[PDB]
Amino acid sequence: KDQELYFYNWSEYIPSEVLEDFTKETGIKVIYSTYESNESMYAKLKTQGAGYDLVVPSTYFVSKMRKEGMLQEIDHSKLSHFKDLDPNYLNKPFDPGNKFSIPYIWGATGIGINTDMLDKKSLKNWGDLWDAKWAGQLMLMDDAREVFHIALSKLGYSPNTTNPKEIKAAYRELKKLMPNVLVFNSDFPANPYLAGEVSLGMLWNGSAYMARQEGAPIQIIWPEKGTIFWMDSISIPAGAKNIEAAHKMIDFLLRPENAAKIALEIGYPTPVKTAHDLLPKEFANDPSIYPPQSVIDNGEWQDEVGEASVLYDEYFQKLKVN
(Lines of atoms letter the chains of each structure in order from A and count residues from 1; the text may use other names and numbers.)
(Lines give C-alpha, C1' and ligand atoms only; values in the text may rest on other atoms or scores of the structure.)
Protein backbone atom coordinates (compact mmCIF):
# COMPACT_ATOMS: atom_id res chain seq x y z
CA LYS A 1 0.00 0.00 0.00
CA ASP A 2 1.24 3.48 -1.15
CA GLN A 3 4.42 1.81 -2.66
CA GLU A 4 2.86 2.34 -6.13
CA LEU A 5 0.56 4.81 -7.85
CA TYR A 6 -1.91 4.16 -10.72
CA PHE A 7 -2.15 7.51 -12.51
CA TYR A 8 -4.46 8.07 -15.51
CA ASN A 9 -3.95 11.47 -17.21
CA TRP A 10 -4.23 13.43 -20.48
CA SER A 11 -1.48 12.90 -23.06
CA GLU A 12 1.13 15.74 -23.45
CA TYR A 13 0.99 16.81 -19.76
CA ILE A 14 3.75 14.86 -18.04
CA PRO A 15 7.23 14.44 -19.56
CA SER A 16 8.75 11.00 -18.78
CA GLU A 17 11.62 12.63 -16.77
CA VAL A 18 9.10 14.19 -14.35
CA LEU A 19 7.70 10.74 -13.37
CA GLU A 20 11.30 9.42 -12.98
CA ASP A 21 11.98 12.40 -10.63
CA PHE A 22 8.82 11.66 -8.57
CA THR A 23 9.86 7.96 -8.13
CA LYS A 24 13.47 9.07 -7.31
CA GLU A 25 12.16 11.45 -4.59
CA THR A 26 9.44 9.22 -3.01
CA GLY A 27 10.39 5.61 -3.88
CA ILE A 28 6.82 5.25 -5.29
CA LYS A 29 6.56 3.36 -8.61
CA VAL A 30 4.18 5.14 -11.06
CA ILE A 31 1.97 2.97 -13.32
CA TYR A 32 1.12 5.72 -15.79
CA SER A 33 -1.37 5.71 -18.67
CA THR A 34 -2.96 8.37 -20.84
CA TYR A 35 -6.20 9.35 -22.54
CA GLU A 36 -7.26 11.88 -25.23
CA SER A 37 -10.71 12.87 -23.91
CA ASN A 38 -12.91 12.98 -20.78
CA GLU A 39 -15.30 10.63 -22.60
CA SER A 40 -12.56 7.96 -23.09
CA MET A 41 -11.31 8.45 -19.47
CA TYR A 42 -14.87 8.19 -18.10
CA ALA A 43 -15.76 5.04 -20.17
CA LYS A 44 -12.58 3.41 -18.83
CA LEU A 45 -13.34 4.26 -15.15
CA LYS A 46 -16.91 2.88 -15.59
CA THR A 47 -15.70 -0.45 -17.09
CA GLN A 48 -12.91 -1.07 -14.52
CA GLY A 49 -14.78 0.41 -11.50
CA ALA A 50 -11.51 0.78 -9.52
CA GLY A 51 -7.78 0.41 -10.38
CA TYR A 52 -6.78 4.14 -10.47
CA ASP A 53 -5.40 6.37 -7.69
CA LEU A 54 -5.50 9.58 -9.74
CA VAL A 55 -7.55 10.78 -12.68
CA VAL A 56 -7.69 14.22 -14.36
CA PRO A 57 -11.21 15.35 -15.40
CA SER A 58 -11.90 18.68 -17.08
CA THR A 59 -13.99 20.91 -14.74
CA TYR A 60 -17.17 20.16 -16.78
CA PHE A 61 -16.87 16.46 -15.71
CA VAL A 62 -16.20 17.02 -11.96
CA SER A 63 -19.84 17.54 -10.76
CA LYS A 64 -21.07 14.54 -12.87
CA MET A 65 -18.33 12.22 -11.46
CA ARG A 66 -18.91 13.40 -7.87
CA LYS A 67 -22.73 12.83 -8.19
CA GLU A 68 -22.11 9.33 -9.61
CA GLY A 69 -19.96 8.38 -6.57
CA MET A 70 -16.83 8.06 -8.75
CA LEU A 71 -14.58 10.35 -6.66
CA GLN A 72 -13.41 10.80 -3.07
CA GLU A 73 -12.61 13.90 -0.99
CA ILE A 74 -9.08 15.35 -1.29
CA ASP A 75 -7.30 16.29 1.95
CA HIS A 76 -5.84 19.84 1.55
CA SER A 77 -3.68 19.32 4.71
CA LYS A 78 -1.68 16.68 2.72
CA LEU A 79 -1.03 19.37 0.01
CA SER A 80 1.68 21.76 1.31
CA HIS A 81 1.51 23.66 -2.04
CA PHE A 82 -2.30 24.20 -2.03
CA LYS A 83 -1.48 27.83 -0.89
CA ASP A 84 0.43 28.29 -4.23
CA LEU A 85 -2.76 27.90 -6.31
CA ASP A 86 -4.27 31.06 -7.87
CA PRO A 87 -7.53 31.89 -5.95
CA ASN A 88 -9.22 32.89 -9.27
CA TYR A 89 -9.27 29.18 -10.32
CA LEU A 90 -10.50 27.94 -6.91
CA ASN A 91 -13.88 27.39 -5.19
CA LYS A 92 -16.18 27.40 -8.25
CA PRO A 93 -19.79 25.99 -8.32
CA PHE A 94 -18.54 22.76 -10.06
CA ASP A 95 -16.57 21.93 -6.84
CA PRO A 96 -17.12 24.27 -3.85
CA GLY A 97 -14.12 24.33 -1.49
CA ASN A 98 -12.18 22.08 -3.96
CA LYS A 99 -13.31 18.99 -2.02
CA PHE A 100 -13.07 16.71 -5.10
CA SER A 101 -10.69 18.43 -7.56
CA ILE A 102 -7.42 20.41 -7.61
CA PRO A 103 -6.73 22.90 -10.49
CA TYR A 104 -3.85 21.55 -12.53
CA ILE A 105 -3.69 22.86 -16.13
CA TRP A 106 -5.81 25.47 -17.93
CA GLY A 107 -5.72 26.07 -21.67
CA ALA A 108 -7.61 27.21 -24.74
CA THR A 109 -8.56 26.01 -28.23
CA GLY A 110 -8.23 28.21 -31.26
CA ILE A 111 -7.47 27.76 -34.93
CA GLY A 112 -4.07 26.13 -35.50
CA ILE A 113 -2.28 27.41 -38.59
CA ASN A 114 1.02 26.67 -40.40
CA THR A 115 2.13 30.23 -41.38
CA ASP A 116 4.60 28.94 -44.06
CA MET A 117 1.66 27.19 -45.80
CA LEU A 118 -1.34 29.47 -45.21
CA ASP A 119 -2.37 33.10 -44.57
CA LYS A 120 -3.31 34.32 -41.02
CA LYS A 121 -5.76 37.11 -42.17
CA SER A 122 -7.92 34.55 -44.09
CA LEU A 123 -9.49 33.16 -40.82
CA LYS A 124 -11.18 35.12 -37.97
CA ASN A 125 -14.03 32.85 -36.74
CA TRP A 126 -14.96 29.17 -36.27
CA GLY A 127 -17.42 29.43 -39.19
CA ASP A 128 -14.47 30.12 -41.58
CA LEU A 129 -13.48 26.41 -41.21
CA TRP A 130 -16.70 25.50 -43.14
CA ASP A 131 -15.39 27.25 -46.32
CA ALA A 132 -15.34 24.94 -49.40
CA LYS A 133 -11.58 25.65 -49.98
CA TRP A 134 -10.75 23.53 -46.86
CA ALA A 135 -11.96 20.22 -48.46
CA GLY A 136 -10.13 17.24 -46.86
CA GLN A 137 -7.64 19.49 -45.06
CA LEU A 138 -8.64 20.02 -41.41
CA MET A 139 -7.77 18.50 -38.10
CA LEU A 140 -10.51 18.71 -35.47
CA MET A 141 -10.06 17.87 -31.81
CA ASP A 142 -11.24 14.34 -30.92
CA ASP A 143 -13.59 15.85 -28.34
CA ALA A 144 -17.43 15.89 -28.45
CA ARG A 145 -17.82 19.11 -26.45
CA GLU A 146 -15.09 21.08 -28.28
CA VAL A 147 -16.36 20.08 -31.77
CA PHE A 148 -19.97 20.94 -30.77
CA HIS A 149 -18.70 24.19 -29.11
CA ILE A 150 -17.45 25.50 -32.51
CA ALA A 151 -20.76 24.64 -34.33
CA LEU A 152 -22.95 26.03 -31.48
CA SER A 153 -20.79 29.22 -31.52
CA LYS A 154 -21.21 29.44 -35.35
CA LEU A 155 -25.03 29.13 -34.92
CA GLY A 156 -25.17 31.76 -32.13
CA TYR A 157 -26.20 29.20 -29.47
CA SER A 158 -24.53 28.64 -26.11
CA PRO A 159 -21.61 26.18 -26.46
CA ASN A 160 -22.94 24.91 -23.05
CA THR A 161 -26.57 24.47 -24.19
CA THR A 162 -28.75 21.66 -22.78
CA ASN A 163 -31.43 22.41 -25.49
CA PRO A 164 -31.80 19.17 -27.60
CA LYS A 165 -33.05 21.19 -30.67
CA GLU A 166 -29.86 23.38 -30.54
CA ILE A 167 -27.64 20.27 -30.07
CA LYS A 168 -29.34 18.64 -33.12
CA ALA A 169 -28.93 21.91 -35.14
CA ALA A 170 -25.16 21.87 -34.26
CA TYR A 171 -25.00 18.19 -35.40
CA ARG A 172 -26.60 19.12 -38.78
CA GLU A 173 -24.13 22.06 -39.04
CA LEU A 174 -21.19 19.70 -38.27
CA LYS A 175 -22.34 17.27 -41.02
CA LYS A 176 -21.67 20.18 -43.49
CA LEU A 177 -18.11 20.52 -42.03
CA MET A 178 -17.25 16.78 -42.40
CA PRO A 179 -16.04 17.07 -46.11
CA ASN A 180 -13.27 19.42 -44.79
CA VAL A 181 -12.16 17.00 -42.04
CA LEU A 182 -9.08 14.82 -42.58
CA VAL A 183 -8.60 13.69 -38.94
CA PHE A 184 -9.84 13.94 -35.36
CA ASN A 185 -6.89 14.08 -32.96
CA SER A 186 -6.67 14.95 -29.23
CA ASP A 187 -3.80 12.45 -28.51
CA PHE A 188 -0.77 14.07 -30.15
CA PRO A 189 -2.49 17.01 -32.01
CA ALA A 190 0.80 18.91 -32.62
CA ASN A 191 2.14 15.89 -34.67
CA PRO A 192 -0.11 16.30 -37.84
CA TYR A 193 0.89 20.02 -37.99
CA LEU A 194 4.60 19.12 -37.46
CA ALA A 195 4.44 16.40 -40.18
CA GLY A 196 2.69 18.75 -42.65
CA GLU A 197 -0.30 16.34 -42.84
CA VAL A 198 -2.50 19.31 -41.88
CA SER A 199 -1.84 23.07 -42.14
CA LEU A 200 -5.16 24.16 -40.47
CA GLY A 201 -7.83 23.10 -38.01
CA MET A 202 -8.62 23.26 -34.31
CA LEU A 203 -5.60 23.28 -31.99
CA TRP A 204 -4.84 23.67 -28.28
CA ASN A 205 -2.44 26.50 -27.27
CA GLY A 206 -0.02 24.02 -25.61
CA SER A 207 0.12 21.70 -28.67
CA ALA A 208 0.87 24.66 -31.01
CA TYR A 209 3.76 25.76 -28.67
CA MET A 210 5.24 22.22 -28.64
CA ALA A 211 5.17 22.24 -32.46
CA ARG A 212 7.04 25.65 -32.46
CA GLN A 213 9.64 24.21 -30.01
CA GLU A 214 10.32 21.44 -32.60
CA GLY A 215 10.87 24.07 -35.32
CA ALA A 216 7.44 24.16 -37.02
CA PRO A 217 5.70 27.54 -37.68
CA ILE A 218 2.45 26.61 -35.87
CA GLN A 219 0.56 29.59 -34.56
CA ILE A 220 -2.91 30.02 -33.02
CA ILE A 221 -5.55 32.31 -34.57
CA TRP A 222 -7.90 33.17 -31.69
CA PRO A 223 -11.54 33.11 -33.01
CA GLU A 224 -13.08 36.58 -32.44
CA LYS A 225 -15.96 35.01 -30.52
CA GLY A 226 -16.37 31.56 -29.03
CA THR A 227 -12.72 30.71 -28.25
CA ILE A 228 -12.81 27.62 -26.04
CA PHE A 229 -11.44 27.93 -22.50
CA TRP A 230 -11.04 24.83 -20.33
CA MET A 231 -9.35 23.61 -17.17
CA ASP A 232 -8.18 20.15 -16.13
CA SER A 233 -8.14 19.29 -12.44
CA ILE A 234 -6.73 16.31 -10.51
CA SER A 235 -9.18 14.03 -8.67
CA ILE A 236 -8.91 10.84 -6.60
CA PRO A 237 -11.21 7.96 -7.75
CA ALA A 238 -13.55 6.43 -5.12
CA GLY A 239 -11.85 3.02 -5.19
CA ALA A 240 -8.22 4.34 -4.90
CA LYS A 241 -5.91 2.02 -2.93
CA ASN A 242 -2.89 4.39 -2.75
CA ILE A 243 -4.36 7.58 -1.20
CA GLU A 244 -1.07 8.80 0.38
CA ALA A 245 0.79 8.31 -2.92
CA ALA A 246 -2.11 10.17 -4.72
CA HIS A 247 -1.73 13.25 -2.44
CA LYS A 248 2.13 13.09 -2.76
CA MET A 249 1.80 13.24 -6.59
CA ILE A 250 -0.74 16.15 -6.51
CA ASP A 251 1.60 18.10 -4.16
CA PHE A 252 4.63 17.22 -6.36
CA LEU A 253 2.83 18.69 -9.44
CA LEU A 254 1.70 21.78 -7.42
CA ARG A 255 5.35 22.47 -6.39
CA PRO A 256 5.96 25.84 -8.16
CA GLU A 257 9.40 24.82 -9.58
CA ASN A 258 7.77 21.66 -11.08
CA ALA A 259 4.63 23.40 -12.41
CA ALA A 260 6.79 26.17 -14.04
CA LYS A 261 9.43 23.78 -15.53
CA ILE A 262 6.63 21.56 -16.93
CA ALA A 263 4.67 24.61 -18.35
CA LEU A 264 7.84 25.66 -20.28
CA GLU A 265 8.06 22.17 -21.82
CA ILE A 266 4.36 21.54 -22.62
CA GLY A 267 3.23 25.12 -23.52
CA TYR A 268 0.18 25.30 -21.29
CA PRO A 269 -0.75 28.01 -18.78
CA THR A 270 -0.73 27.09 -15.07
CA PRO A 271 -3.33 27.86 -12.34
CA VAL A 272 -0.42 27.63 -9.79
CA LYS A 273 0.10 31.38 -9.10
CA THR A 274 3.60 30.94 -7.61
CA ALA A 275 4.65 28.94 -10.72
CA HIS A 276 3.02 31.46 -13.16
CA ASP A 277 5.18 34.18 -11.50
CA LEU A 278 8.34 32.09 -12.23
CA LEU A 279 7.53 32.02 -16.05
CA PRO A 280 9.72 34.16 -18.40
CA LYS A 281 8.10 37.26 -20.04
CA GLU A 282 8.62 35.55 -23.50
CA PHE A 283 6.32 32.69 -22.38
CA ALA A 284 3.90 34.88 -20.26
CA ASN A 285 3.23 37.33 -23.13
CA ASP A 286 3.37 34.74 -26.04
CA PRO A 287 0.22 35.70 -28.07
CA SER A 288 -0.38 32.09 -29.25
CA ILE A 289 -0.49 30.88 -25.60
CA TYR A 290 -2.31 33.68 -23.72
CA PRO A 291 -5.36 35.03 -25.59
CA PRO A 292 -5.89 38.84 -25.68
CA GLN A 293 -8.60 40.43 -23.47
CA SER A 294 -11.16 40.74 -26.34
CA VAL A 295 -10.80 36.98 -27.03
CA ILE A 296 -11.34 36.20 -23.26
CA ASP A 297 -14.40 38.51 -23.06
CA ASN A 298 -16.02 36.96 -26.16
CA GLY A 299 -14.98 33.37 -25.45
CA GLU A 300 -16.55 30.70 -23.19
CA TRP A 301 -15.34 28.35 -20.48
CA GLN A 302 -16.53 24.79 -21.10
CA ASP A 303 -19.27 24.09 -18.57
CA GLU A 304 -21.28 21.03 -17.47
CA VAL A 305 -24.37 20.08 -19.53
CA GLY A 306 -25.75 17.51 -17.05
CA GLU A 307 -27.60 14.58 -18.70
CA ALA A 308 -27.33 16.29 -22.16
CA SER A 309 -23.71 14.94 -22.24
CA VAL A 310 -25.12 11.64 -23.65
CA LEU A 311 -26.73 13.57 -26.57
CA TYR A 312 -23.39 15.37 -27.43
CA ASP A 313 -21.62 11.94 -27.33
CA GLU A 314 -24.25 10.15 -29.44
CA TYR A 315 -24.09 12.77 -32.19
CA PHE A 316 -20.30 13.13 -32.06
CA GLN A 317 -19.92 9.33 -32.40
CA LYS A 318 -22.32 9.47 -35.45
CA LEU A 319 -20.12 12.27 -37.03
CA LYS A 320 -16.91 10.20 -36.62
CA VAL A 321 -18.45 6.99 -38.14
CA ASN A 322 -20.57 8.42 -41.02
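Numbers follow the displayed sequence, beginning with 1.
Higher mean CA temperature factor between 247-255 and 87-95: 87-95, per the PDB entry. Look at the C-alpha B-factors of 290-298 and of 34-42. On average they run higher in 290-298. Of the candidates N160, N205, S101, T115, the one whose C-alpha carries the top B factor in the deposited record is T115. By the numbers in the PDB entry, the CA B factor is greatest at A132 among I236, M231, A132, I228. When the CA B factors of the chain's modelled residues are split into thirds, the value for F61 lands in the lowest one. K121: CA B factor lies in the highest third for its chain, per the PDB record.
In the PDB entry, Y268 places in the lowest third of its chain by CA B-factor. Sort the chain's modelled residues by C-alpha temperature factor and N191 lands in the lowest third, per the entry. Annotation for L54: CA B-factor lies in the lowest third of the chain's modelled residues.
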